[PDB]
Structures are given as C-alpha cells and as structure tokens.
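K.L.:
As given, the protein sequences belong to chains A and B, one line each in that order.
All residue numbers for the first sequence refer to PDB author numbering, where the first residue is 2032 and numbers rise by one.
All residue numbers for the second sequence refer to PDB author numbering, where the first residue is 29 and numbers rise by one.
From the three backbone atoms N, C-alpha and C, an ideal C-beta is built for every residue, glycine too.
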Amino acid sequence: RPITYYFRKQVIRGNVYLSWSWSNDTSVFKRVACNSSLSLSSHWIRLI
Amino acid sequence: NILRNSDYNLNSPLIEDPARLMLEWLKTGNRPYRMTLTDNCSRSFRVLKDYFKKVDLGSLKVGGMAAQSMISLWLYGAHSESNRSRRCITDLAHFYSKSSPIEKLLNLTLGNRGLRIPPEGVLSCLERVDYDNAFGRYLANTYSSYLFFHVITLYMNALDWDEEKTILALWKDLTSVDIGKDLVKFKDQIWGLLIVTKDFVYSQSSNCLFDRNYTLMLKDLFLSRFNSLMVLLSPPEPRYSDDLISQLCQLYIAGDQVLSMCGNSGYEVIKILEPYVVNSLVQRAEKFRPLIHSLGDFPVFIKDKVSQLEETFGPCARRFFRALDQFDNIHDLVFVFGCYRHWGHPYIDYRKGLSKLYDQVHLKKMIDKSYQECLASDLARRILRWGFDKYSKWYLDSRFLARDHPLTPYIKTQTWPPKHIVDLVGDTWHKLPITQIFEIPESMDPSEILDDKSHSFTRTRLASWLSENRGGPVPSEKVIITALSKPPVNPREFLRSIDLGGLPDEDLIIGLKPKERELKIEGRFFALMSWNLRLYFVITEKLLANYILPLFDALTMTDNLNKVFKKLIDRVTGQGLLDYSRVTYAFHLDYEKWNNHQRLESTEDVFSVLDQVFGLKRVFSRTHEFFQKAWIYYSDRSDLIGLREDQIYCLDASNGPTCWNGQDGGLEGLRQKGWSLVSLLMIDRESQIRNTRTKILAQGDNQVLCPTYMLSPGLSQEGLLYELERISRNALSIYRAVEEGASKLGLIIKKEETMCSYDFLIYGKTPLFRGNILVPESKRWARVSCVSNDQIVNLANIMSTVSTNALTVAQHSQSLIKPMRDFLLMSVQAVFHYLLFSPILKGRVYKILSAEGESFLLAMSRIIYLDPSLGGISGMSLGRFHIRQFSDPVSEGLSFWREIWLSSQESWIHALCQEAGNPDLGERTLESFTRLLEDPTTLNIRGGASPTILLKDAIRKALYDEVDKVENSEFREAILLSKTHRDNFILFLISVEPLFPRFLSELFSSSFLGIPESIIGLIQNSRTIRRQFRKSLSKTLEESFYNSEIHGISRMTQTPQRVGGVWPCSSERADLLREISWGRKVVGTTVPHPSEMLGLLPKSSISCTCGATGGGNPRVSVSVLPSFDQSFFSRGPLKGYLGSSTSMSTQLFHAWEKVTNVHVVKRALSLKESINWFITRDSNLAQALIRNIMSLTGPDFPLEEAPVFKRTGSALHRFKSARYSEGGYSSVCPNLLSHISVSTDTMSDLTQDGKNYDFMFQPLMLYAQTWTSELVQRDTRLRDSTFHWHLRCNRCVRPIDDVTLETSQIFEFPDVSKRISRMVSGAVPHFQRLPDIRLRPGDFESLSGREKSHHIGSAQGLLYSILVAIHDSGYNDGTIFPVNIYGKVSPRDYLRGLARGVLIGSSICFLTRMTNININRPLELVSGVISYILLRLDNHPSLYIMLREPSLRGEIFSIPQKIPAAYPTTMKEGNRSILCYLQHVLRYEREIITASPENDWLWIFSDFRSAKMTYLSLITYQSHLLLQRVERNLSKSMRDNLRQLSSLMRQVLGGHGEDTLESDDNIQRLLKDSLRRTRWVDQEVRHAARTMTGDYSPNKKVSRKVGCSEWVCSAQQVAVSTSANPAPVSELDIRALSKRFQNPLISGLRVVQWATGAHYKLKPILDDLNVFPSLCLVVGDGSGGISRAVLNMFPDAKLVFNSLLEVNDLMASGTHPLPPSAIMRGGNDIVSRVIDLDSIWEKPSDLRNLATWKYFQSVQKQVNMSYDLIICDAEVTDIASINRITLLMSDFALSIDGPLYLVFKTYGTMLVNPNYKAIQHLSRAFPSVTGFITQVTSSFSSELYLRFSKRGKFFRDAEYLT
Ligand SMILES: [Zn+2]
Ligand SMILES: [Zn+2]
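(1) Can you round the beta-carbon distance between residue 1746(B) and residue 1678(B) to whole angstroms, since I take them to be within the 8 Å contact cut?
(2) In three-state terms, what does DSSP make of residue 1871(B)?
(3) Compare the C-beta of residue 2076(A) with all C-beta atoms of chain B and state if any pair is closer than 8 Å.
(4) List, in order along the chain, the chain A residues whose C-beta lies closer than 9 Å to that of residue 1675(B)?
(5) Thinking just about the alpha-carbon of each residue, which of 1114(B), 1184(B) and 1251(B) is nearest to the one in residue 1168(B)?
(6) Label residue 1588(B) either buried or exposed according to how many other C-beta atoms from any shown protein chain fall within 10 Å of its C-beta, with 16 as the threshold for buried.
(7) Below 8 Å on C-beta distance, what does residue 1095(B) contact in chain A?
(8) What first and last residue would you give for the alpha helix (DSSP H) that runs through residue 1506(B)?
(9) For residue 122(B), is the classification buried or exposed, using 16 other Cβ atoms within 10 angstroms of its Cβ as the cut-off for buried?
(10) Give me the pocket residues for ligand 2, defined as CB within less than 6 Å of any heavy atom, sorted by chain position.
(11) Helix, strand or coil: which one does DSSP assign to residue 1694(B)?
(12) With respect to the beta strand (DSSP E) encompassing residue 735(B), which residues constitute its N-terminal and C-terminal limits?
(13) Closest to residue 1553(B) by CA distance: which of 202(B), 1538(B) and 1597(B) is it?
(14) Should residue 1284(B) be listed as close to ligand 1, given that the test is whether its C-beta is under 7 Å from any heavy atom?
(15) Hey, quick one: how far does the beta strand (DSSP E) through residue 203(B) stretch, first residue to last?
(16) Taking the CB atoms as reference points, tell me whether residue 1798(B) and residue 1849(B) lie closer together than 8 Å.
(17) Assuming residue 911(B) contacts residue 1253(B) (C-beta within less than 8 Å), just tell me the rounded distance between them.
(18) Taking residue 2072(A) as the query, report the chain B residues whose CB atoms sit under 8 Å from its CB, ordered along the chain.
(19) Mind listing the chain A neighbours of residue 746(B)? Cutoff is C-beta to C-beta under 7 Å, in chain order.
(20) Can you check the segment 771 to 845 of chain B for any alpha helix (DSSP H) of at least 4 residues that lies completely inside it and give the ranges in chain order?
(21) Quick one: grab the DSSP three-state call for residue 1647(B).
(22) Would you list the residues sitting across from residue 1312(B) in a DSSP beta bridge?
(23) Is there at least one non-hydrogen atom of ligand 1 closer than 7 Å to the beta-carbon of residue 1433(B)?
(24) Suppose the cutoff is 8 Å on Cβ atoms and the five residues either side in sequence are ignored; what does the same chain contact list for residue 1789(B) look like?
(25) Based on Cα-Cα distance, which residue from 880(B), 920(B) and 1327(B) lies nearest to residue 1097(B)?
(26) Flag residue 2054(A) as yes if its beta-carbon sits less than 8 Å from any beta-carbon of chain B, otherwise no.
(27) To the nearest whole angstrom, what separates the beta carbons of residue 1310(B) and residue 1146(B), a pair I think is in contact under 8 Å?
(28) Using three-state DSSP, classify residue 1887(B) as helix, strand or coil.
(29) Does at least one heavy atom of ligand 1 sit under 7 Å from the Cβ of residue 1319(B)?
(30) If the criterion is Cβ atoms closer than 8 Å, does the pair residue 470(B) and residue 518(B) meet it?
(31) Residue 1865(B) CB to nearest chain A CB: under 8 Å?
(32) Bridge partners for residue 1726(B) per DSSP, in chain order?
(33) At least one CB of chain A closer than 8 Å to the CB of residue 740(B): is that the case?
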C-alpha cells in the first residue's frame, strides 16, 4: 500500500508531545505513493 | 591635403540630421552651422544646386521617410525581371564552373578519410534551377542590387579622379557621367536613376535623398540575403527542407511590406520576431517530455503583442507573424533566428531616446538597505573563506574589534568557524575591519589600458572650443596620443589620491554616442569618458577581473568559447535525457534598463567591502557620486550647450533635453562587473536558501538561473506527478524570491518577459536545445566581406574573415563537411568581388580573370588553400578544421598537401604540392630574424611576412626619428634605450646556437624592449597615426601595402615550380626547411600532426586482423556508445573532452577588449622558473636572466635562489601555459561527443623501453573524435562498434633527445630603475626569500622494489594531501598518480606508503585546523582530519585506474570489501574499495608504520620541487613527529612550537606578513627533526620506471593454509509449461497472477551479493543439467555472478560476456574502462578460462542489434568449439526491448546446429500480457521445456527460470501458450 504517516499530538499535564501512526485517520498526514528504497530494506535485513 | 577613406561597411551609427540640413541648404540660405565643412560637401552642394533648379524640391522626402519609397520600389522590381540580372548570374556561374575542379581536393581528402561525397556538387549549385523562375529572379535581382550598391560605395569612398575614371572604364553600359560638373548618374530597371553626388545620393523615381550610411546598410542587407540563400542551396544532407528557401523569400517580402506601409516605426516588429521564434522553439521542445508543467507567461505576452501589432499597423504584421509561424522544423526556425538584421537599421531619434533616458535615470526610488547589508555580509564571508583556504591567515585586526564576539578566540586561533557561529554572526561581517588582501601594482602594462577608445575632452578645452567655434559635432581626442603626451600610470598613487577626495571637479565629463546596429528607434548610447575617469573605470574593472571574478562561476565576461561551452554543459546536465532523473529549469532574466536603474544607495556596502579588501575606502563608492557630480553631453550636437560658467544650462529644453549636470544612475558598458556581482549575490542568496544546487550564468544583463532536481529511477505515475508538482512549486517560489529581491534593489523585473523552460536555454544569442549547441549560420555568412573597423580591404583580410567565420560556425556546429563547403563557396564569391575591383590596388587585376583552362585553377588554389607561411598570404589549408589552436601550422599544411599528392593522379595538384614543399626561401640576414620573435613556427620567406611586422617596423622608424617630439621623459628614454640595445640584443639572440625560438621571443618581450614594441603593436588606427605622426608614415604604409598586394598576386600567379617527386614524413621536411632557412638546427616548433601519425582509415575492433600478433601494436581506441542519435533530442549521457584554450587571440565570445600581455617582470620570472629545463645554472644565459631581472629592478632585489631541481625527463614544446600550450580546441560541437570515449592506454606500449617519448595525446583524441563522429553519422549501423586507429608513420614519432643551450658571448644590460620609474618600479609584490639547506641527497637507484615502493607511496600521499590542504588547482590532476608505475611495483608496500603519506598530510591539516578547544581532544582531531583527506581522495577519479593490475586487485580484495554491481566500474565503488583498504591499514596496523627503523626516512621527489612545496613538506614531517612523540595530551611548549610552525607556513604561503623574520631560529626549529630525516632526490617519479621500479618483484608467497572450501547448493522446484496454437484465456488466472507485489524478506536473506545475488538461484538448474557444457553465452548480466558460478561448477568451461556497458560521466577522461570486478575476484585460472577479459569493451553490447550475435558466431568459428549453453538474465520492465532480444535470440538458436540448453529469466506477470511475445516468439527451435523455481526468491514474486532444450534442426514455426 502507499505510505501514510498519520500525525497527531497529545497533551499531558502541562506540556504536549507528538504522535505518529501508520494506521489511523486524524487527517494531518504526510503520504508518498512510492517506496523507492526497498534496496535499503534488503540491506538492513542482510545486516541483521 | 589628403585623408584616408577607412569607411566601407556600416559600422558607424545611423542618423538623419545631415540630409535634413543639406536639404535646408539646397532650398535657400548659407550652411546652417552644423554641416561638417569639407571640400566634398561643398562640391556636392554646387552640383546639387545645378541640378535642383528643377521643381521637385518642395515635396521631397527625407531619412526616416526616404526608405519608405525605396523598399516599395525594391519589392516591385524584385518581382519584375530585367535584362541585367541574367548577365550577372550568368557570369558568376561561369566563374563557378571554371572553378569546379577545385572541389576535387575536398572530395579526395574525404575519400581518404573514408566518407561518401555529395554528388549534387556544392560549387555547381547555380545551374540546377537559378533562372526564369520566381526564386531565381529574386536571387538574381538581389545579387544585382548588391553589385549596384558596391559600385556606388566604391565611387563614394574613392579619392581622386583617376579611380573614378577607372571605375567608369570598368562599368560602361551601366553608369554615365557629365563632365563640366561632377555629375554621375547610375541607372537600373529597378532603382530608376540615382545621382550619387560624391558624398550624397538622390533618387528621382523614388523621390528622396540620403547619405552614405544608408547605402552601406542596403548593401549589407542585400549581401546578407544573397550569401545566406547561396550557402543554403545544395547542402549534402536533408537537414533543411526546400520550403525553407521558399518561406524565407516569403518572409523577406513580408518584412518589405511591413516597412513599406508602416514606416521606420515598423522596426519594432523584428524586435518581436526574435522572441516569437524562441517561443516556437520552446513549444516544440516540450513535446518530448510533455509531462512537466511549463511556467511563466511568455506565450501570453507574445500573443498579446501580436494582436496589438495586428490591430495597429494594419494586417501587415499579421502576414509577417503568419509567415513566421509557417515554419515547422527546428533548424529552419534557427535560420530565421539569425536574420534579425536582413531588413535594415532604423533612423534613430536621439532626442526622444535621451529624454527617456533622462527620465529613467532621474526616477527616484524608495529601496531598502538591510538587504544590501546582508548581501555584502555574504560577500565578505565568501572572500574571507577563500582567503583562509588559500593563504592560511585571516584578514582582520583584533586591535579594532570587540571582545564579546566569538571571533576574537577564533582569531587568536587562526581557524574558521562552524555553521552555528556563522549563523550567530550571519549579517555582521561589516563590523569586522577587514584589511588589505590583494596588493595592487605600482604600475601596469600599457596593453591592458591604452586602446582606441576616443578619449573625451575636459571642461577647459570644451569651453574654449565652444567660445571659438559656431557649431558642429565634436571630434574627440585619442587615447594613445594623450598617453604619450602625459606621464604614465601609478595606480597606487592614483587611487590614494581618489581616497583623499581627488578627481577634482574639472575632469568629470562624459559624452554619449549612439550605438550601431541595435534595432531600437530610441537607440542605445555608449559613452566616452575623460582621461582620469576612463583610467579609473578601466583599472578598477581589470583589478576585479583578475582577483575577484575567478571566485564566482556565473561570471562569464573574461572567458573564451571553450570555457563557455564547458560551463553551459555543466549547467544543462538534465536536459533531454529520456528519463525523469535530471530535471533542470532555465530562467532567463532580462531586467528593464538594468544599467540605468542601477543606482547609488544599492551599491554602497558591497563596493565598500571591495574597497577595504584593496586597502582603500569610499573609492568604489564614489562612482555614483561621480555620476551625480559629472557633466553629460551629446557629441553630434554642440550648439545646444549654453554653459553658465558653473553648470550646463542646456538650450532648447522643451523638445527634449540633450545634456545635464548630474544623474543618479549609470550607463551601458561601465562597471558591468560590480553590478553583475551584486545581482549575482542576490540570486545566489535566494536560490541557496530555497534550493542549494542552482548554477548561475551572468555577464550582467542577460542573466540565467538553472535549478537542477533529481528524481528516482523507478517511480510510479502518482508519485511522479507529485514530485513534478513540488518541483514547479519550488521553481516558482525561487522566481518570486528573485523578483522580491530585485524590487528590494530597484531593479524591476518584467514578469511577462522573463523566459522559462526545461528543455531549452539561451546565452548571448547562443541557443542550447536539449543540451545541443544549435548554430545560427546566417549571422556569420552575412558577415562575409564585412571587414572590421580600422582595417584595409586586402585579399588576406577578407579571406581571413571568411575562414574564421566558417571555423567559428564549425565550433558552434557539427558535420564539418557543411562548413567546408560554405568556406569554399563564400571564398570564391569574395575573391570574385575583390578581383572585380581592388581599392588599394586602384583597379581591376586582369591577370586572373583573363586566365583560362589551368592557370586560373592554380591561381585560385594558391589563393584559398595555401597558408600564409607557405608562399601565399591569403588562404588556409583544410587542416585547420581539425584543430584550431595547433602549435605548428607548417606540419598541418605539409601533411595535408602530402595526402592530397599521393591521393591523386592529376598534374597541376602535383605542382601545387611541390610549390608547398620548397616555398622559395630568401635571404638569411638580419631584418628577418625579427620575424621569429613576433610569430615563431614560421619561415624566412622571399616576399615578406604578414603586414603586422611591416607596421611595427615602420612605426619603429617614425618613432625613432621623432623620439624628441614625445613630451614624456620616461617614454622618451625607453625609446632611446630601445634603438641601440635592440640591434645588439638581437645579435646576442642569434649568438645563441641551438635556436630555441620561443625562449628568444619571450626573452625579447620580457626585457625592457617589450615596452616600446608593446605600444607600437598597439598602434593600429589610421587616424591615430595621422594625429600622432605626419604624412610620411601614412604614405609609406600605403605604398608598402601596394607593393605587398602586387607581390601577392605575383606569388599567386608564379611559375608552376616543376615537380620533383613526393616527399616522406612531412614533419621532417618542416624541420629541415626551418634548418636551411635559419641555418642551424631548430627545436620546439617541429610538432607532428595527427593526420600523419594516426593513419587515414580506422577499422572496427572486429575484422582488423591485428589482435595480439606481430607485436604490441599501439593504437588510439574509440569507444562509441549505443545511445548515439544523429538527431538533436538526446544529448547523450556524457560531457565531452575539448581541452583547454588560452584567451589570447580575441575569441572571448564577445569583442570588447583583449588580454595580450601581463607584464615584463612576470614574464622574466617565468623564464627563471624555466631555467633548469634546458639551461644549466652556472652559465651565461642564467647570468643574462639574472642581469635582466636585476636591471628591471634595483640591485637590492631579494632573488629567489633559483631552484636545484632538474626536469631533464620532459618535453620541450610544453614551455609555458601562456600562449600556445595545451593543444586542443574541439572544432566540432561537443554534442555528439557526448556519445564517445577515447582511450590511449594502448599507446603505453610505446614506453616498453622508455626513451622519453612524451608526445601530446590531445590532438590525437580530438582528431579521432571528429572523424569517427563523422563516420558514425554517415553510417548509423555501427552505433556501438569501438574503433581503433593505428599508426602509419614511425618517422613522425620523435624521441626528445633532450638538449641544452649555452654561449660564450656575454651581454651587459643597462640600468632601467633609475631611468624609468612609473612603468617598472613596483609592478610585482614582495617574494619573501627563504634560505636553502642543500637538501641532502637521495642515493635512490641502489634499492629493490620492496624497499622503495613505500617511499613512492609516502611521497604521493604527502604531495596530494598538501595540495589539498592549500587549495591549489593541482589536487585533481593525473600527473600525481601516473599509470606507468602500477604495473611494476609491490602493491602492499605501495598502499602502506600511501597510508603513511596521507597520515602526515593529516598532520599538516591538523596544524591548520587548530582552535582553542580542539587542543584537548587531538586524537579524534587526527582521525577526523585523516577522514577528510580520504574523502577528498574518494573525490579523486584516477586512483581507480590501479584496479587494472591483477596483483593490486588481489592485495586490495584480500581484506573484506563491499563488491559493486556495475560493469563500468566507476570512481565511487573503486575509490570506496581502495579507501576501505586504507582505513583497514590504519586503525589495525598503524604500529607497523612509524617503526621498523629502516622504513622511517622520508624520500621526497621532484615533480613539484619549488620552494613553496619544499618548506611545506619539511613542516609536515616536523608536525607529524610532534603529533607523534606524544601519547597523552599536549603541553604548552608543544603548542608554542606548533604556533611557530603555523606562523612559518603563513609567511612562506604568501599573504602580507614578514618574510621569514629569521634564519637561525628557522634552522634551529627544523634541524634534528626533518633535515637529517629527509633524503631528497634529483629525479622525477615517472622515470624511476627505468632502473629498479621496472624490475618486477616476483611474489614468492603462495597461500594461507586454508582447506578445500567444499561447495554447496540448495533446494529447487520444477514446473510444467506446454504450448499449442489456439491459446484461449481465462480471467481469474490473470486476476490472481498479474498483480505485482513487493515484500523483501528473502532478498535480504540472500546474504552473498556479487551483482544481485542470482547465482543462489542458478545453482540448481545447472546442477540438474547433464552435459558439462564447454561453451556458455551469458547475456544481459551486470557482473560476474551467474557467470562466476558457471565457472565454479564446470571447470572445463568458457564464456561469452554480453554484459551491457552503459558508461557514465563519472569515469576518467580518456582511459578505457576495466573488466567486471566480480570476475577479477575469482582468480587466475578462472580468468584465463574466460576468453578475453582485457578486450570486452572493444566488443559491442547492444542486445537490440545484430552485430552482437554476429560476434558470438564469430567466436564460435574462430574457436574450435560450438555453443552448448545460453543464459539470459536481462531484467527489463519495458516491452519493445525484450521483444527485440527474443527475436534475435531465436534467430541465434536457430543458427545453432548442435545440442543446446537455454535459460531465460522472466517474470510471470508479463507471461500473460499478450504484448510480451516471449514464448510464442522464442519457441521456434526448442521442443523441450521446463520451468524452474528456487527456494530463494523474492517473497512474493512471479520469477520463473524457464529452461529450453533442443538437439538440432527444429523449427516448430509458431506456438502460443495454452
Ligand atoms: Zn610522417
Ligand atoms: Zn587493429
């Protein structure tokens, strides 16, 4: 599937923090319709 | 009572006032005070009254309206016929047919080169259709009108009645005369009856009157049209249509209609023509990559203006733009581009233009200053970074600075700060008091300043001339005269006076003059300033161009054409690539009055920074203050000045002002460079903050931005469109930012006129379409016979402009055949005109025209082909088309003539060649030896040399006998010194025996005598001569030219010089010809031409029969790529190779000024640099050079103790990179050169025995490039066949046999320091003499290989790291890591030595990068510095060459190394491997180095043994010992010693510090640590290959005692695949199968990688195979891999690699690529059982072509074997390529008879798309099929390895898949 970093945030008593997920819809997202770096995934697999 | 003419072509501006005033005089009255009183105008007025007592006067038209009638008349008669044009073109074609055999030479050289000849015939182009038709009536009328106006202009520019009688004698039935008056009439059926009244012309039918300039305009345009259409006719190839000629006739007639019904006002329409063509070109570009978004509003702008000019001006503009849009091709549109001057030039309205200029300049603004502050802060940051880099020393003064500033510690420690610090001070660098950096010279050479620039007047003489005269235009004074009257320049004192105020109020005048041929009714205005002001501007701009511009790269002002092309190619990579990996936009910015709108408040702080760095203040600033405080006037009208004794008070200032007393602005042609600097800085700021990888190009007005963007190789449609959206977004953002900045500086940018594209670019009327430099031919063929200003119409000059125009066309183009044919045609045309009439000869020739049969043939051949050196003085040989800046034209000519001699059977050509062999030598006395000083590589000839020498000598005579009448004392004494010592010094120079002439020339020009000769060659203007000297010089020069042309025609009609047999080995002839000319043996000049020492016919690597038998035959290899496209849409992947080009022949891509010399003292120092090359130290010539430089200085000069090195192992025609060196000009456009690589490593065989051949390779490369490109484009089948040229002459090749010069004669010089100050006193800055230590000797050739390769490595590393630590340009040159040293060296010791050298280089970089906190962490600093050096070394290309020697590969891959996956092993992976080995050497094995006490001495070599590198090397070694001799943190004493070393390298490395400050402290600081631990050698590294380095060290090691390494495999799976005809289809199978997924788990479990990890998959199939095949054919794979596994399994197996090359531009310059690394990892036995590894690239790799498969069959036949296995592993997602692959593989297997097994890798998804055509297209020889799958395959992938098998002779015509 395409890549969709769904961004959101949270507030704890006082301050805030960020949060990201691959499977959510809170509608502020960064998406890309191409991986183009799977060779790097294979590289990391070979390493591990 | 005599004046010259000096006016033939239209160079002057154009104007209507003279005609108007003459009309007002003709009506009634006396002359109205503004008429340029002369005798000619008086007699003209007399005759004009005597014929204008008629009645037409009163309804007469004038200029600005006169043309109106004329153009109408012309189009009328142009479509009518006559009885005159027939005769003219009949005679012209008769001349051509009489000159037809000439072309035979051309055809013969092309047939010797191996190319076809166009059979139509260039030179008989006027006999196919040129008669009785519309196009031939328009051509003949055009030519006839040109002839008419030529005769008119000759009568006008004649002098005496005798010339006019001569003219009328020639033309009788055309002209008529009325004596008793000067009343000459010229009739014609078109133009009626003109009355050329000496200096005026009148037309009766077209009832008007006008002056000479209009006649020149019309003559020029008719000539342009004629010669353009002529060369357009009969071309070799269908580059153009024939509707180009028809459309161009239509276009010209449309322009005629426009002019005839819209007046001069219609000249805005061509101003719209040009951008219309540009828009059409762009809109024809985007069709190839139409998926990107084109920006801007250029086409909307064009459409709006066309509709405007259609509504106004009538429908004529509509017809014009319609006929313009009629064109469809691209080259036709460019041919329309070039003719924006083929219609005329407009009568300007100076008053209107000056009013607009006044308003545009006085328009005040409200601009910002903080932007300029940030901009100048950026500039100062850049200049200080550069200063620190080159000279490791800041340029501040903490005495004046604050303390709460991070730079007081970053200055107490001489470092550079990081990013966050510079961000903390990002806009405050002005608050730093930057001190002087670039010392200015106390004098300068006159060649850089003096020029015929028409120096203005000053206020005193202006007021006096106004009080005296009653009116008229100003004649301005001249520059050389003012210079000879006043004292010379002392720029230090001048600028100090300006720093003290200075430039008093009197010398602030400027005058305007209207520019020429600019096509604007308002008209441009170029200015002429006063003496002091012009001096200011000139020295300032030269100062910047020398020491500032090199920092910036956009700044294309002081650059030649080759460097322009290099820059364009660098900034266009990403245009027309066929993919989406390189998108480059191009924004052409053209401001609105950039010069005028540039104003004071902008350029204050930038100019202030420049002024601080030169040690001045407010000086540059004062510029606009001068424009505020200065008078400005117009030259062509003086009566309007009414000066009030305080200011101007101009008159008539209601119809439009003319003068004024001040202006806030600037003018064109002034301070282009500083204004370009500020604009460029703005652009760079905006881009760099938005996009960092932008490149810029700027001459000041026509700016170009180029942002590049990279997008991934494999991308999908959605992601691709997303990327392109972001791309357009960023580009639009940058354009908006530029406009914001420009409005922040007052520079308004036109939004609807800035041009944008992505597959187009323009620079200075040079169009670049998809990386291809597209040529306009029309400008250059239009300039035929349009000689330059202040020149004479000689045969030589017109033939020279023809030749150089054609050669610049070739440099802008390809396919040299076309410019050669045009050269022929235009030359014949020009000489036909010149022989029709010769002005300086004052009559017709009658010796050449009357000839017939053969003699006229010999005459033309001698006129055109013979060179100026070989008897003739007019022509040029075709050998100058190969290269332009060749070192010796003699060899070129002789080679050409030899080839034409032995390649023929006719008679007269033999006579011509024999003439060229013995060119009638003359005397051998003085007054001829001087020629060798002005132009060496020439011959003492009976008949004189080029007239430059004659002018120099005549002006020398006039200046010697009139030295007393030059006021200045210095120039007087210099000429006095000249007279005597010139003869005596020439005697001494002849007293030098070996006669190396280049040295003598440079010595003559480097002594004091270069001063007078310099200015004497700077005299080239007739009026300059007439002003300075008297009629004697002018008359003598005219008589000399008369005699010279007489002797010239006599030479061109000499006796045939009866033949004497052909000659061998031309260059030898040239040498002995020089010998018998000047007596003694000559050296240097004799350089061979590649046309002789490379053979004529090249041959492909296939079918050459050389192979490896007969011997180590040398060759020049040419690897062509399969991407070759003869069309203009691809640009190739590559860059090209053109070479260098020195800018000393007026080829700067403009013509404003030149760069002739620099200085005599610097030339003398260059000689001192070249003392030991061919002269011994203790000799007379060394004594002479020292005496010379001590004469041009004081006896208290700190001489440099000239060096103690010896480059005995080197050439002799590589003297200096000043005037001729670095041979190569790349006469052909580099566009096709993007498809080509050219290697010379084969020629390494020449150094089998050494002998110091050392011949230049660049001409070889270039000749091969040119003619192989021509031979490819004439046969498009061999798109991948690597060629190789063999040598033909061995006697050309010259062992240097190094030689020396010496004499017994000594000559004493006179003092020139107490006799000439202000010229020589302070030209060059200090030198900071260093004391030598005698550099204890080496004793080198007593060791073995393993004992010294360590030393060689350490030396190379040390030198490289030094040249990197100080930012020299020689950090990326191949002279450091040569290639004749890896083949014989111990690899382990070599690499460990490299490590040692890199380490001590890190020591010096540590000494530099030393802040106050890094001291307490020095070990990490050392490591990081080593890493920095290794990074720069990764950026070094040519290191990867060492991977050719298998020993080095074994030693470098013995350690674990990341293996690459590309066949064309690039810089990246190779250098990564080398650096991984080096990083493994360090950090594991550092103890082995710096120990083993007989490895510690540091042996330095003598490749760069100058004083600079020397002390730096000793410093590096000392600092390395001091970083060593330490394990814990440092101590303060160590820090003190290190700071002292830093100060010492600061002192030696230029700057503005004290010289050394001691000698005893120096020796005490360097002794016991470096001096007795270096062993210097007097030898270069290369020649070491002779003695011991050449002795190979046999590696007597075997192995490391490891087991048998038993081999392994894994599981598999079989699948069935049957076939039949019908092939029905289901839907669910496609639905579940044709969905490509991707999920890498098992592609990562494939641990091993060689190319992609495929042998894992191809083990089991072959383990199942049961033949043990002898012969595999692997194809499509990248590297090794599958092949390597094949060689593992079957030992008795061999291989045919069909791996694709796909070369990239990251490779080396010439050398050939290297084999795939995977196989070289295998071993010696596995490699030898490969067929041929060092000869793969010579073979093709184009799977889609047939020649590859013919090569396979050829291998099968040459080897006693037959194919058994085939493997195909080409991964492709496309369709057509794999279809072609399968077609040819099927025809191959059908062309095999024996048993066969084939393996095909495929993807199941394509196995159901019916457009695949794989099984139904391949299954035409194989009945047996089985599919195979592996246990290691991508986790979700339809990968199938299908295995076919057959036994022989099966067809199975076609079968689809069931
Ligand atoms: Zn030869
Ligand atoms: Zn060959």
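P.N.:
Concretely, from the data shown:
(1) 5 Å
(2) Reduced to three states, the DSSP call for residue 1871(B) is strand.
(3) yes
(4) 2077
(5) 1251(B)
(6) exposed
(7) Those do not exist, as residue 1095(B) stays about 56 Å from chain A at its closest Cβ, beyond 8 Å.
(8) In the DSSP annotation of this structure, the continuous segment of the alpha helix (DSSP H) that includes residue 1506(B) starts and ends at 1495 to 1509.
(9) Under this definition residue 122(B) is an exposed residue.
(10) Chain-ordered list of matching residues: 1127(B), 1132(B), 1134(B), 1312(B) and 1314(B).
(11) coil
(12) 730 to 737
(13) 1597(B)
(14) Incorrect: residue 1284(B) has no Cβ contact closer than 7 Å to ligand 1.
(15) 203 to 206
(16) no
(17) 6 Å
(18) 1668 and 1672
(19) 2064
(20) 806 to 810 and 823 to 839
(21) Assigned with DSSP and collapsed to three states, residue 1647(B) falls in strand.
(22) 1127(B) and 1145(B)
(23) no
(24) 1698, 1699 and 1722
(25) 920(B)
(26) So, not an interface residue.
(27) 6 Å
(28) Examination of residue 1887(B) is not possible in this model, given that chain B is present from 29 through 1886 alone.
(29) Relative to ligand 1, the beta carbon of residue 1319(B) is positioned inside 7 Å of a heavy atom.
(30) yes
(31) Taking 8 Å as the CB threshold, residue 1865(B) stays off the interface with chain A.
(32) 1703(B)
(33) The beta-carbon of residue 740(B) is placed less than 8 Å from the nearest beta-carbon of chain A.
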